[PDB]
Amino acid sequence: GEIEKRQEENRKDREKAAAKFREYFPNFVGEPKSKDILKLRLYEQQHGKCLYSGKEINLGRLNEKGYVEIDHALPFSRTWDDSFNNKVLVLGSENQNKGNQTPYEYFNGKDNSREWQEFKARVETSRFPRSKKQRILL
């Protein structure tokens, strides 16, 4: 039963989430996949803002290819495989200079840049799991 109980709980969670997704996006073709739901959940968890730029995300355009993307805030040098949850939502036009740097690196943490401070503030007021907030901030 325990496997079956878990299956059924996970079906219920996902139907509920898909239902909202369809409400929001009545013209979307096909059932949302896990990643589609995840863009919506990270949109909510980040208070509707790109985590790297702090720019507002147009929810209307959430499913537009190119527009927003889910990135790994960290490279696999800090997560062998899947020991993390460090997936963040970022606008298309804000995550190319990042390459394989961590956010600490990219945002000039050691200098305590004002943009490092802002990034940190967006992480900490986010609704990400406490542990995710920590991973992200090196």
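In this text, residue numbers run from 1 along the sequence as written.
Relative to one another, 22 to 30 and 77 to 85 have unequal mean CA B-factors, and 77 to 85 is the one with the higher figure.
With 50 to 58 and 90 to 98 compared on mean CA B-factor from the PDB entry, the stretch scoring higher is 90 to 98. Highest C-alpha temperature factor among 122, 127, 114, 11, as the PDB entry reports it: 114. Ranked within its chain, residue 35 lands in the middle third, by CA B factor from the PDB record. Among the modelled residues of its chain, residue 133 has a C-alpha B-factor that falls in the middle third, as given in the PDB entry. For residue 64, the recorded CA temperature factor ranks within the middle third of the chain's modelled residues.
Among all modelled residues in this chain, the alpha-carbon of residue 71 has a temperature factor (C-alpha) in the middle third.
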